[PDB]
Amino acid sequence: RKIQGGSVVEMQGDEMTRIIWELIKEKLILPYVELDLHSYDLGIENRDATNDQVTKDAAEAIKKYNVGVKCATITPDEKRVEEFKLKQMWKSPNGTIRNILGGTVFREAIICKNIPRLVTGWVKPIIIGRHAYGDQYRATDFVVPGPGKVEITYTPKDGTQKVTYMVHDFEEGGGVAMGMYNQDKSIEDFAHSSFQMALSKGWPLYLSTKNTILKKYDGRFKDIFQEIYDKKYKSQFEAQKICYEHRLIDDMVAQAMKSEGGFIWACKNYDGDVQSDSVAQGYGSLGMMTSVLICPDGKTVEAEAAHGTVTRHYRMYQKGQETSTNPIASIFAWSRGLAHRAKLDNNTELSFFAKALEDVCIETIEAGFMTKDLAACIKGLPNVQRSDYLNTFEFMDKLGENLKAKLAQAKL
């Protein structure tokens, strides 16, 4: 009989990842695990259909059952509005889910011994702790239509002084403007998650900001981290002989590039987004990275691929060009989500299944069966033959065969 897995919130997505997502459920999950699957279609059409209510409903469900596994989703701009005949330019479902749940998105490469990196020195893992709240991802932006002043105003609840700051006086023509923000409590949760992750790994921690330029905004991050360190984690850090350091983002990305890895990197929301993809590509592929939102309650997680819907491959798929999209990141959303589900329930069999799922992925790749992106890592793109890799369906089938075999052995 199948493993009794419990309640998991599933969020279906878009385009190429939507296709892969179904193959994963059919070939790797459902045959072995029976889940109370709370499914929410976060495909762009359904979101438009529900006026994005389905996205909010999914986030609330994650609060209830403590485990979310999410497929990559289209975040629409004008072109997407035209493409799907949308009612509105809906906000990022990820931004909405993260805004509701809070926490830190931890991202890390998935490493195979036979895959060369683009960055020579990274023999140890780099873990990015991405602050999941605020800044650009909950901003209020608009087009400035012509000459006029933009100002930003603070009005305290407590009737004290109201303050108006000049943003810019557009003397001729227009442009754009935006306001963005963050909250002390969220920054504090972010700091705590960062120090704790470093202590659990036994690695140094770095925070990057641009506090020289955003003296107040980014200065707040810097101050809160330092304060929380001096009060809560300093002695613990000293005991494990690791350090915490603040660096300017400029300096930090250069430092990361030349390091050997083996550190925790606390990033502001935007930096965490951009640099996690830089790092993932650095180790080999966007297809080879885990991403898990760890919420402040220490119980709730949302696992996801860090990459998008892989539109370009999807276009190929729509035109019958054979595709070779890497499913590993999407598979690890399931394994990481199921592993947490297992941990909460002390579900030994589910834990075993989740690790076995990950082992199958690594073993299969290390045995020389891989998608084109990984084959490109080994051979270099110009040297890649069709014989060097498997197409998307072939690779999924190969994983399914290897998983079946591995789970069959273990039972014997």
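When you see a residue number, it is the position in the sequence shown, counting from 1.
Higher average CA B factor: 381-389, of the stretches 381-389 and 345-353. Higher mean CA temperature factor between 334-342 and 230-238: 230-238, per the PDB entry. Which of 106, 265, 270, 317 has the largest Cα B-factor in the deposited entry comes down to 317. Set against one another, the Cα B-factors of 275, 94, 291, 88 in the record reach their highest point at 88. Per the PDB record, residue ranking by Cα B-factor puts residue 203 in the highest third of the chain. In the PDB entry, a CA B factor belonging to the highest third of its chain's modelled residues is recorded for residue 172. Among the modelled residues of its chain, residue 161 has a C-alpha B-factor that falls in the highest third according to the deposited record. Residue 403: CA B factor lies in the highest third for its chain, per the PDB record.
Ranked within its chain, residue 80 lands in the highest third, by CA B factor from the PDB record.
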